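What's in structure02.tsv: TSV, C-alpha atoms
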```
chain	number	residue	atom	x	y	z
L	1	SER	CA	-20.80	26.48	-9.54
L	2	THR	CA	-22.59	26.18	-6.19
L	3	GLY	CA	-23.02	23.57	-3.46
L	4	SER	CA	-25.61	23.08	-0.74
L	5	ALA	CA	-25.33	20.56	2.12
L	6	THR	CA	-27.46	19.90	5.18
L	7	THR	CA	-25.69	20.11	8.59
L	8	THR	CA	-27.14	18.04	11.48
L	9	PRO	CA	-26.53	18.39	15.20
L	10	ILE	CA	-24.57	15.42	16.62
L	11	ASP	CA	-26.69	15.29	19.83
L	12	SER	CA	-29.68	16.77	21.63
L	13	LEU	CA	-27.62	19.78	22.91
L	14	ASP	CA	-26.28	20.97	19.48
L	15	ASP	CA	-22.73	20.34	20.75
L	16	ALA	CA	-21.51	20.26	17.14
L	17	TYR	CA	-22.89	19.82	13.61
L	18	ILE	CA	-21.87	17.26	10.98
L	19	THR	CA	-22.10	17.64	7.22
L	20	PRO	CA	-21.63	14.75	4.76
L	21	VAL	CA	-18.59	15.17	2.45
L	22	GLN	CA	-17.65	12.91	-0.49
L	23	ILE	CA	-13.93	12.09	-0.77
L	24	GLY	CA	-12.24	10.08	-3.50
L	25	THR	CA	-13.37	7.85	-6.38
L	26	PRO	CA	-15.60	5.97	-5.87
L	27	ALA	CA	-16.93	8.37	-3.24
L	28	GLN	CA	-16.26	7.70	0.42
L	29	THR	CA	-18.79	9.76	2.44
L	30	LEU	CA	-17.51	11.05	5.81
L	31	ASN	CA	-19.43	13.29	8.19
L	32	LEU	CA	-17.22	16.29	8.93
L	33	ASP	CA	-17.45	19.18	11.37
L	34	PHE	CA	-17.29	22.38	9.32
L	35	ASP	CA	-15.06	24.70	11.31
L	36	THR	CA	-14.73	28.45	10.49
L	37	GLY	CA	-12.09	28.60	13.29
L	38	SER	CA	-9.48	26.40	11.63
L	39	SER	CA	-8.01	25.75	8.17
L	40	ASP	CA	-7.22	22.00	7.95
L	41	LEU	CA	-9.45	19.36	6.29
L	42	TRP	CA	-8.49	16.24	8.20
L	43	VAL	CA	-10.09	12.85	8.47
L	44	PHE	CA	-10.02	9.65	10.38
L	45	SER	CA	-8.34	7.22	8.04
L	46	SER	CA	-6.92	3.74	7.41
L	47	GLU	CA	-3.69	5.21	8.87
L	48	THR	CA	-5.26	6.27	12.21
L	49	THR	CA	-3.84	4.39	15.24
L	50	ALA	CA	-6.46	1.61	15.68
L	51	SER	CA	-6.81	2.25	19.48
L	52	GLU	CA	-7.81	5.91	18.63
L	53	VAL	CA	-10.73	4.91	16.34
L	54	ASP	CA	-14.09	4.12	18.07
L	55	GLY	CA	-16.97	4.05	15.54
L	56	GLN	CA	-15.81	6.78	13.11
L	57	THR	CA	-16.09	6.21	9.36
L	58	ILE	CA	-12.56	6.25	7.93
L	59	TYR	CA	-11.10	7.45	4.64
L	60	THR	CA	-9.03	4.74	2.93
L	61	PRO	CA	-6.87	6.40	0.25
L	62	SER	CA	-5.74	3.02	-1.18
L	63	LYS	CA	-9.43	2.47	-2.28
L	64	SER	CA	-9.59	5.82	-4.15
L	65	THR	CA	-8.38	5.88	-7.78
L	66	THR	CA	-7.87	9.67	-7.52
L	67	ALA	CA	-5.89	9.68	-4.20
L	68	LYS	CA	-2.19	10.66	-4.37
L	69	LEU	CA	0.26	10.89	-1.45
L	70	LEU	CA	1.51	14.47	-1.10
L	71	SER	CA	5.06	13.31	-0.65
L	72	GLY	CA	6.84	14.56	2.47
L	73	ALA	CA	3.90	16.64	3.74
L	74	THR	CA	2.89	16.36	7.41
L	75	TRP	CA	0.43	18.20	9.56
L	76	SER	CA	-0.14	18.71	13.27
L	77	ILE	CA	-2.84	20.86	14.88
L	78	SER	CA	-3.65	21.91	18.46
L	79	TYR	CA	-7.10	23.49	18.91
L	80	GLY	CA	-8.12	26.14	21.46
L	81	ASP	CA	-9.88	23.45	23.61
L	82	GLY	CA	-6.68	21.34	24.09
L	83	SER	CA	-7.61	18.71	21.44
L	84	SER	CA	-5.12	17.74	18.73
L	85	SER	CA	-4.45	15.55	15.70
L	86	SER	CA	-1.60	14.94	13.27
L	87	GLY	CA	-0.69	12.84	10.27
L	88	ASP	CA	0.26	12.87	6.61
L	89	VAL	CA	-1.44	14.26	3.50
L	90	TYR	CA	-3.14	13.03	0.33
L	91	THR	CA	-4.66	14.99	-2.49
L	92	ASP	CA	-8.02	13.72	-3.70
L	93	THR	CA	-11.34	14.89	-5.12
L	94	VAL	CA	-13.65	16.36	-2.42
L	95	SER	CA	-17.31	17.24	-2.98
L	96	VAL	CA	-19.68	19.11	-0.66
L	97	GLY	CA	-23.32	19.38	-1.54
L	98	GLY	CA	-22.62	18.88	-5.28
L	99	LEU	CA	-19.61	21.27	-5.41
L	100	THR	CA	-16.39	19.39	-6.38
L	101	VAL	CA	-12.73	20.37	-5.84
L	102	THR	CA	-10.00	18.30	-7.49
L	103	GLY	CA	-6.56	18.17	-5.87
L	104	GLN	CA	-7.84	19.04	-2.39
L	105	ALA	CA	-5.37	18.40	0.44
L	106	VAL	CA	-6.98	15.70	2.63
L	107	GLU	CA	-5.00	15.45	5.86
L	108	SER	CA	-5.03	11.82	7.02
L	109	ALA	CA	-4.83	11.42	10.79
L	110	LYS	CA	-2.23	9.06	12.21
L	111	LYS	CA	-2.95	10.33	15.76
L	112	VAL	CA	-5.98	12.00	17.37
L	113	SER	CA	-6.53	13.15	20.98
L	114	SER	CA	-9.08	11.45	23.26
L	115	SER	CA	-11.92	14.00	22.66
L	116	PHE	CA	-11.92	13.07	18.91
L	117	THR	CA	-11.84	9.29	19.59
L	118	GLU	CA	-14.82	9.72	22.01
L	119	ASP	CA	-16.92	11.59	19.37
L	120	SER	CA	-18.01	8.57	17.20
L	121	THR	CA	-20.27	10.87	15.10
L	122	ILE	CA	-17.44	13.19	13.83
L	123	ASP	CA	-15.20	11.63	11.14
L	124	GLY	CA	-13.02	14.74	10.79
L	125	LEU	CA	-12.99	18.50	10.37
L	126	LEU	CA	-13.34	20.76	7.32
L	127	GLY	CA	-11.61	24.04	8.08
L	128	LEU	CA	-13.13	27.27	6.65
L	129	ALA	CA	-10.86	29.91	8.26
L	130	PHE	CA	-8.16	31.57	6.13
L	131	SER	CA	-5.56	29.29	4.51
L	132	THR	CA	-2.76	31.20	6.38
L	133	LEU	CA	-3.66	28.96	9.40
L	134	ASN	CA	-3.26	25.67	7.52
L	135	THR	CA	-0.75	23.45	9.35
L	136	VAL	CA	0.64	21.40	6.43
L	137	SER	CA	4.47	21.48	6.26
L	138	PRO	CA	6.62	22.12	4.39
L	139	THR	CA	4.08	23.35	1.80
L	140	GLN	CA	1.02	25.04	3.35
L	141	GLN	CA	-2.23	23.93	1.68
L	142	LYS	CA	-5.48	25.71	0.76
L	143	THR	CA	-8.86	25.21	2.37
L	144	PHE	CA	-11.73	23.66	0.41
L	145	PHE	CA	-13.31	27.15	0.13
L	146	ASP	CA	-10.10	28.76	-1.12
L	147	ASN	CA	-9.73	25.99	-3.76
L	148	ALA	CA	-13.43	26.26	-4.81
L	149	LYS	CA	-13.59	30.12	-4.75
L	150	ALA	CA	-12.68	30.88	-8.38
L	151	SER	CA	-15.32	28.35	-9.67
L	152	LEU	CA	-18.14	29.65	-7.45
L	153	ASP	CA	-20.91	31.88	-8.79
L	154	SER	CA	-20.06	34.30	-5.88
L	155	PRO	CA	-17.03	33.96	-3.52
L	156	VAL	CA	-19.14	33.24	-0.44
L	157	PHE	CA	-20.37	30.52	1.85
L	158	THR	CA	-23.23	30.74	4.28
L	159	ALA	CA	-23.93	29.05	7.61
L	160	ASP	CA	-27.54	28.53	8.59
L	161	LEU	CA	-27.30	26.39	11.78
L	162	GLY	CA	-30.44	25.00	13.34
L	163	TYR	CA	-31.57	25.06	16.97
L	164	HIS	CA	-32.11	21.39	17.83
L	165	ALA	CA	-32.67	20.86	14.07
L	166	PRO	CA	-30.70	20.50	10.86
L	167	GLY	CA	-29.48	23.53	8.92
L	168	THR	CA	-27.56	24.25	5.79
L	169	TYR	CA	-24.12	25.26	4.53
L	170	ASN	CA	-24.27	26.84	1.03
L	171	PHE	CA	-21.29	27.63	-1.20
L	172	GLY	CA	-21.33	30.23	-3.94
L	173	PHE	CA	-24.77	31.79	-3.46
L	174	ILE	CA	-26.99	33.54	-0.87
L	175	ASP	CA	-30.42	31.86	-0.43
L	176	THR	CA	-32.66	34.96	-0.11
L	177	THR	CA	-35.49	32.64	1.21
L	178	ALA	CA	-33.37	31.52	4.23
L	179	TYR	CA	-33.52	34.79	6.24
L	180	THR	CA	-35.87	37.66	7.15
L	181	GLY	CA	-35.20	41.37	6.64
L	182	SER	CA	-31.79	42.42	5.24
L	183	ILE	CA	-28.21	41.16	5.71
L	184	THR	CA	-25.97	43.60	7.60
L	185	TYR	CA	-22.33	43.28	6.57
L	186	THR	CA	-19.42	44.13	8.86
L	187	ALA	CA	-15.66	44.39	8.36
L	188	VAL	CA	-13.34	41.45	8.87
L	189	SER	CA	-9.72	41.44	9.99
L	190	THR	CA	-7.75	38.47	8.60
L	191	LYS	CA	-4.57	39.41	10.58
L	192	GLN	CA	-4.93	36.33	12.90
L	193	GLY	CA	-6.32	34.03	10.09
L	194	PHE	CA	-9.86	34.06	11.54
L	195	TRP	CA	-13.20	35.62	10.57
L	196	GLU	CA	-12.55	38.36	13.15
L	197	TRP	CA	-15.11	41.15	13.45
L	198	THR	CA	-16.33	43.76	15.97
L	199	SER	CA	-19.81	43.60	17.48
L	200	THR	CA	-21.33	46.96	18.36
L	201	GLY	CA	-22.76	45.91	21.75
L	202	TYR	CA	-25.25	43.80	23.61
L	203	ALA	CA	-28.44	43.67	25.58
L	204	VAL	CA	-29.68	41.19	28.19
L	205	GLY	CA	-33.33	40.23	27.91
L	206	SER	CA	-35.58	43.28	27.54
L	207	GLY	CA	-32.80	45.56	28.91
L	208	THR	CA	-31.32	48.61	27.23
L	209	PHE	CA	-28.70	48.01	24.55
L	210	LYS	CA	-25.14	48.79	25.70
L	211	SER	CA	-23.06	50.29	22.84
L	212	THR	CA	-19.54	48.83	23.23
L	213	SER	CA	-17.05	47.34	20.71
L	214	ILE	CA	-16.50	43.57	21.21
L	215	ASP	CA	-13.87	42.07	18.90
L	216	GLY	CA	-14.30	38.36	18.31
L	217	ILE	CA	-14.33	35.54	15.79
L	218	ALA	CA	-17.17	33.75	14.04
L	219	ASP	CA	-16.31	30.08	14.86
L	220	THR	CA	-18.71	27.30	13.78
L	221	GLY	CA	-16.39	24.78	15.50
L	222	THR	CA	-16.99	26.30	18.94
L	223	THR	CA	-20.25	25.32	20.68
L	224	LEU	CA	-20.72	28.26	23.06
L	225	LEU	CA	-20.58	32.06	23.09
L	226	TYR	CA	-17.45	33.36	24.88
L	227	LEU	CA	-17.55	37.06	25.76
L	228	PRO	CA	-15.75	39.42	28.16
L	229	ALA	CA	-16.29	38.76	31.83
L	230	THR	CA	-18.16	42.10	32.30
L	231	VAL	CA	-20.75	41.12	29.66
L	232	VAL	CA	-21.13	37.54	30.93
L	233	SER	CA	-21.57	38.66	34.56
L	234	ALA	CA	-24.26	41.17	33.42
L	235	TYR	CA	-26.13	38.31	31.67
L	236	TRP	CA	-25.98	35.75	34.51
L	237	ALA	CA	-26.87	38.41	37.15
L	238	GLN	CA	-30.40	38.30	35.60
L	239	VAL	CA	-30.80	34.56	36.39
L	240	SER	CA	-31.71	33.69	40.03
L	241	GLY	CA	-29.18	31.24	41.45
L	242	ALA	CA	-26.69	31.48	38.57
L	243	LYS	CA	-23.06	31.39	39.58
L	244	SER	CA	-19.58	30.80	38.19
L	245	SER	CA	-18.34	27.39	39.37
L	246	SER	CA	-14.54	26.75	39.36
L	247	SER	CA	-15.35	22.99	39.93
L	248	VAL	CA	-17.59	22.79	36.79
L	249	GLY	CA	-15.52	25.28	34.74
L	250	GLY	CA	-18.00	28.10	34.12
L	251	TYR	CA	-21.36	29.62	34.80
L	252	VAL	CA	-24.14	27.21	35.88
L	253	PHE	CA	-27.74	27.96	36.66
L	254	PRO	CA	-30.72	26.16	38.20
L	255	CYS	CA	-32.44	23.88	35.70
L	256	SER	CA	-35.76	25.39	36.97
L	257	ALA	CA	-34.81	28.85	35.55
L	258	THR	CA	-36.23	30.54	32.45
L	259	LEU	CA	-33.24	32.23	30.76
L	260	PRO	CA	-33.37	35.73	29.26
L	261	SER	CA	-32.45	36.32	25.64
L	262	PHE	CA	-29.13	37.87	24.68
L	263	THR	CA	-28.85	40.45	21.89
L	264	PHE	CA	-25.63	41.26	20.05
L	265	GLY	CA	-25.08	44.18	17.66
L	266	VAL	CA	-23.92	43.92	14.04
L	267	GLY	CA	-23.50	47.54	12.99
L	268	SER	CA	-26.91	49.15	13.61
L	269	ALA	CA	-28.64	45.73	13.40
L	270	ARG	CA	-29.39	43.34	16.28
L	271	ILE	CA	-29.34	39.56	16.47
L	272	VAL	CA	-31.41	38.07	19.33
L	273	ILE	CA	-30.36	34.74	20.85
L	274	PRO	CA	-33.44	33.30	22.56
L	275	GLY	CA	-32.96	32.19	26.14
L	276	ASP	CA	-33.58	28.52	25.31
L	277	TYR	CA	-30.48	28.55	23.05
L	278	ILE	CA	-28.33	29.37	26.13
L	279	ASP	CA	-29.46	26.21	28.08
L	280	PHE	CA	-26.88	23.37	27.71
L	281	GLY	CA	-28.66	21.09	30.14
L	282	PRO	CA	-27.58	19.28	33.33
L	283	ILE	CA	-23.86	19.43	34.20
L	284	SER	CA	-24.06	15.62	34.82
L	285	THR	CA	-26.91	13.24	34.19
L	286	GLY	CA	-29.79	13.89	36.62
L	287	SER	CA	-28.28	17.10	38.07
L	288	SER	CA	-30.48	20.12	38.72
L	289	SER	CA	-27.52	22.40	37.86
L	290	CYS	CA	-27.41	23.33	34.18
L	291	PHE	CA	-24.49	24.55	32.12
L	292	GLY	CA	-24.71	28.00	30.57
L	293	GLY	CA	-24.25	28.71	26.84
L	294	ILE	CA	-22.66	32.13	27.50
L	295	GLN	CA	-19.28	31.88	29.21
L	296	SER	CA	-16.29	34.18	29.91
L	297	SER	CA	-13.51	34.49	27.33
L	298	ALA	CA	-11.07	35.54	30.09
L	299	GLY	CA	-7.93	33.37	29.67
L	300	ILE	CA	-8.89	32.28	26.09
L	301	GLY	CA	-7.42	35.58	24.76
L	302	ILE	CA	-10.21	36.13	22.21
L	303	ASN	CA	-14.00	36.47	22.19
L	304	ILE	CA	-15.74	33.65	20.26
L	305	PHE	CA	-19.13	33.88	18.55
L	306	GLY	CA	-19.68	30.09	18.50
L	307	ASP	CA	-22.73	28.08	17.53
L	308	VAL	CA	-24.95	29.53	20.35
L	309	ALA	CA	-24.69	32.90	18.60
L	310	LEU	CA	-24.37	31.85	14.97
L	311	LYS	CA	-27.43	29.53	15.07
L	312	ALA	CA	-29.56	32.62	15.85
L	313	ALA	CA	-28.58	34.13	12.47
L	314	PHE	CA	-28.11	33.52	8.79
L	315	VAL	CA	-24.35	34.16	8.42
L	316	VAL	CA	-22.54	35.12	5.22
L	317	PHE	CA	-18.78	34.46	5.05
L	318	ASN	CA	-17.85	36.78	2.12
L	319	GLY	CA	-14.41	35.71	0.76
L	320	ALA	CA	-14.14	38.59	-1.77
L	321	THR	CA	-10.71	40.30	-2.07
L	322	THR	CA	-11.75	42.39	1.02
L	323	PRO	CA	-13.51	39.75	3.22
L	324	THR	CA	-16.66	40.70	5.15
L	325	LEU	CA	-19.21	38.95	7.40
L	326	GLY	CA	-22.96	39.32	6.95
L	327	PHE	CA	-25.66	38.62	9.57
L	328	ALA	CA	-29.44	38.40	9.09
L	329	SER	CA	-32.23	37.36	11.42
L	330	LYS	CA	-34.19	34.25	10.38
```
For the structure just supplied, provide its representation as structure tokens.
Amino acid sequence: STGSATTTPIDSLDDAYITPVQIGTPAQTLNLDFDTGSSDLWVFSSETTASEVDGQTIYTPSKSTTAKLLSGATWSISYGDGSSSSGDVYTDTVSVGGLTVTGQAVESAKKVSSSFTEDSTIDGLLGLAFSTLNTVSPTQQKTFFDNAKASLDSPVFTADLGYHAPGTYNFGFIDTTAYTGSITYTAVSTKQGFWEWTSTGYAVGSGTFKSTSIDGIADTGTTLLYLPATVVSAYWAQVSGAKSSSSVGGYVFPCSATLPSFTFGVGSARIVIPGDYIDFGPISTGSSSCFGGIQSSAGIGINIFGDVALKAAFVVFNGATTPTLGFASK
């Protein structure tokens, strides 16, 4: 089997991407944020505290003939950005892009933090990291990908995120029309439950490539690119008037600037992030200070190849016995 679903940016800055997911019988379609940095599939639901719901579509298990309470199971998650959610658990049929899993754990939120309530366009998250990070207790549950894997033509999914445009998530096949050149595969460590890999270095604009190992994760649920302070300072030093602002919480730059590209290494291959991808617009409406898409990972404890980086590439998440990541230009 295979599945193919279009993913759409939630706003004009590509802050996140939503992908329609069918849950239950008859289908209830919710728009979920596919998140390679976490391992819970959770939804706004009929059980969500009413004051914490503001425009989201909700999953109502009582209206699904295939829903079953997973008796005694609870979940609670805290994300790297300080956001959180918690609740109880149903099993139900879940379909993405034509690919169906029966008996999928659907984590029903009772509580969500303010950042989720404020995002009316995101009805939940679909985690695609390793199932070792799943928060269900007392019985840890599998991700949608882990449950689908054995049925798929190939044990893979691909992320093809658009710049200010829709893209695609594919399960079980590699669309050879979706990328240019060849796919370069690189080793993955699953020791922390993430798609953790090592970039071979970077370049700023037309500058020379610096060979240096940068360990980090491929995280579709993170908007920006978080890299060591040395690398980030080297990038922003090439932009007149760029500075790190403690008051704003990162590097900002004049909205009049033209940003240089940023290149990262995947083995002997190179992925180029155009400068425009690094512009996240005014820090506040009407400001001439713009927020940068490349930020320091200092204090986060890990480097994060978020959407800024991944949208520059066709990305293969290879869930074979020995997992690997693949990157192609597109």
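Between atom CA of residue 277 of chain L and atom CA of residue 14 of chain L the interatomic distance comes to 9.4 Å.
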Can you tell me, as a compact mmCIF listing (two decimals) with C-alpha atoms, keeping the file's coordinate frame, what residues are no more than 7 Å from segment 146-151 of chain L when counting all atoms listed in the file, ignoring any on the same chain fewer than 3 positions away?
```txt
# COMPACT_ATOMS: atom_id res chain seq x y z
CA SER L 1 -20.80 26.48 -9.54
CA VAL L 101 -12.73 20.37 -5.84
CA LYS L 142 -5.48 25.71 0.76
CA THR L 143 -8.86 25.21 2.37
CA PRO L 155 -17.03 33.96 -3.52
```
Interatomic distance (Å, one decimal) between atom CA of residue 25 of chain L and atom CA of residue 90 of chain L: 13.3 Å
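Excluding residue 16 of chain L itself and same-chain residues fewer than 4 positions from it, the residues having an atom within 9 Å of it are residues 8, 9, 10, 11, 33, 122, 220, 221, 222, 223 and 307 of chain L, counting only C-alpha atoms.
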Show me the residues close to (-32.4, 43.3, 28.6) - anything with an atom within 9 Å, counting only C-alpha atoms - and format the list as a PyMOL selection string. chain L and resi 202-209+235+238+260-263
One-decimal distance in Å that lies between atom CA of residue 15 of chain L and atom CA of residue 224 of chain L: 8.5 Å
For residue 287 of chain L, work out the shell of residues within 12 Å, counting all atoms listed in the file and skipping chain neighbours fewer than 3 positions away, then give it as a VMD selection string. chain L and resid 252 to 256 281 to 284 290 to 291
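Surrounding residues of (-24.1, 35.9, 8.7) at most 7 Å away are residues 158, 159, 313, 314, 315, 316, 317, 325, 326, 327 and 328 of chain L (based on all atoms listed in the file).
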Save the residues we just selected, C-alpha atoms, as a compact mmCIF listing (two decimals), keeping the file's coordinate frame?
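Saved file part-v8.txt follows:
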```txt
# COMPACT_ATOMS: atom_id res chain seq x y z
CA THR L 158 -23.23 30.74 4.28
CA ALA L 159 -23.93 29.05 7.61
CA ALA L 313 -28.58 34.13 12.47
CA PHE L 314 -28.11 33.52 8.79
CA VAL L 315 -24.35 34.16 8.42
CA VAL L 316 -22.54 35.12 5.22
CA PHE L 317 -18.78 34.46 5.05
CA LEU L 325 -19.21 38.95 7.40
CA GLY L 326 -22.96 39.32 6.95
CA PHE L 327 -25.66 38.62 9.57
CA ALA L 328 -29.44 38.40 9.09
```
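For the residues L:153, L:196, L:81, L:160, ranking by smallest atom-to-atom distance to residue 299 of chain L using all atoms listed in the file places L:81 first.
Shortest atom-to-atom contact with residue 92 of chain L among L:144, L:74, L:234, L:212: L:144, counting only C-alpha atoms.
The nearest approach to residue 138 of chain L among the residues L:121, L:76, L:84, L:198, with only C-alpha atoms taken into account, belongs to L:76.
With only C-alpha atoms as the atoms that count, the minimum distance from residue 137 of chain L to the choices L:183, L:13, L:165, L:73 is reached by L:73.
Restricting the calculation to only C-alpha atoms, the smallest distance between residue 116 of chain L and any of L:57, L:85, L:177, L:93 is found for L:85.
For the residues L:286, L:162, L:323, L:181, ranking by smallest atom-to-atom distance to residue 271 of chain L using all atoms listed in the file places L:181 first.
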Need the shell around residue 130 of chain L: protein/DNA/RNA residues with any atom at most 12 Å away, counting all atoms listed in the file. Skip same-chain ones fewer than 6 positions apart. Format as a ChimeraX atom specification? /L:35-40,140-147,188-196,317-319,323
Do you know which residues are at most 10 Å from residue 249 of chain L counting only C-alpha atoms, after dropping those on the same chain fewer than 4 positions away, and could you put them as a PyMOL selection string? chain L and resi 244-245+291+295
Reconstruct segment 271-290 of chain L at the level of N, CA and C atoms, and format the result as a JSON list (two decimals), in the coordinates of the input.
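rebuild_5.json, freshly written:
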```json
[["chain", "number", "residue", "atom", "x", "y", "z"],
["L", 271, "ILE", "N", -28.99, 40.99, 16.54],
["L", 271, "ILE", "CA", -29.34, 39.56, 16.47],
["L", 271, "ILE", "C", -29.72, 39.13, 17.89],
["L", 272, "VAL", "N", -30.90, 38.54, 18.01],
["L", 272, "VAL", "CA", -31.41, 38.07, 19.33],
["L", 272, "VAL", "C", -31.25, 36.58, 19.44],
["L", 273, "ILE", "N", -30.53, 36.16, 20.47],
["L", 273, "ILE", "CA", -30.36, 34.74, 20.85],
["L", 273, "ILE", "C", -31.45, 34.44, 21.86],
["L", 274, "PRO", "N", -32.45, 33.62, 21.54],
["L", 274, "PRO", "CA", -33.44, 33.30, 22.56],
["L", 274, "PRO", "C", -32.81, 32.64, 23.75],
["L", 275, "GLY", "N", -33.45, 32.81, 24.91],
["L", 275, "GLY", "CA", -32.96, 32.19, 26.14],
["L", 275, "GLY", "C", -32.77, 30.69, 26.05],
["L", 276, "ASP", "N", -33.68, 29.99, 25.37],
["L", 276, "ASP", "CA", -33.58, 28.52, 25.31],
["L", 276, "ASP", "C", -32.26, 28.10, 24.66],
["L", 277, "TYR", "N", -31.72, 28.91, 23.77],
["L", 277, "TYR", "CA", -30.48, 28.55, 23.05],
["L", 277, "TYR", "C", -29.29, 28.53, 24.01],
["L", 278, "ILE", "N", -29.41, 29.20, 25.13],
["L", 278, "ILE", "CA", -28.33, 29.37, 26.13],
["L", 278, "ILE", "C", -28.35, 28.24, 27.18],
["L", 279, "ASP", "N", -29.35, 27.36, 27.16],
["L", 279, "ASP", "CA", -29.46, 26.21, 28.08],
["L", 279, "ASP", "C", -28.72, 25.00, 27.51],
["L", 280, "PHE", "N", -27.61, 24.60, 28.11],
["L", 280, "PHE", "CA", -26.88, 23.37, 27.71],
["L", 280, "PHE", "C", -27.10, 22.19, 28.67],
["L", 281, "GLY", "N", -28.15, 22.28, 29.44],
["L", 281, "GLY", "CA", -28.66, 21.09, 30.14],
["L", 281, "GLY", "C", -27.81, 20.78, 31.38],
["L", 282, "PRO", "N", -28.20, 19.69, 32.08],
["L", 282, "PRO", "CA", -27.58, 19.28, 33.33],
["L", 282, "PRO", "C", -26.08, 19.10, 33.21],
["L", 283, "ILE", "N", -25.35, 19.51, 34.22],
["L", 283, "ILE", "CA", -23.86, 19.43, 34.20],
["L", 283, "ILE", "C", -23.44, 17.96, 34.20],
["L", 284, "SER", "N", -24.23, 17.09, 34.79],
["L", 284, "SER", "CA", -24.06, 15.62, 34.82],
["L", 284, "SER", "C", -25.45, 15.05, 34.80],
["L", 285, "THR", "N", -25.60, 13.82, 34.34],
["L", 285, "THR", "CA", -26.91, 13.24, 34.19],
["L", 285, "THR", "C", -27.69, 13.31, 35.51],
["L", 286, "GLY", "N", -28.90, 13.84, 35.49],
["L", 286, "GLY", "CA", -29.79, 13.89, 36.62],
["L", 286, "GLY", "C", -29.56, 15.08, 37.53],
["L", 287, "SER", "N", -28.55, 15.89, 37.25],
["L", 287, "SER", "CA", -28.28, 17.10, 38.07],
["L", 287, "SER", "C", -29.35, 18.17, 37.87],
["L", 288, "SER", "N", -29.65, 18.94, 38.88],
["L", 288, "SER", "CA", -30.48, 20.12, 38.72],
["L", 288, "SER", "C", -29.67, 21.39, 38.49],
["L", 289, "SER", "N", -28.37, 21.27, 38.31],
["L", 289, "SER", "CA", -27.52, 22.40, 37.86],
["L", 289, "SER", "C", -27.24, 22.25, 36.38],
["L", 290, "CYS", "N", -27.50, 23.32, 35.66],
["L", 290, "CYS", "CA", -27.41, 23.33, 34.18],
["L", 290, "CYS", "C", -26.25, 24.19, 33.72]]
```
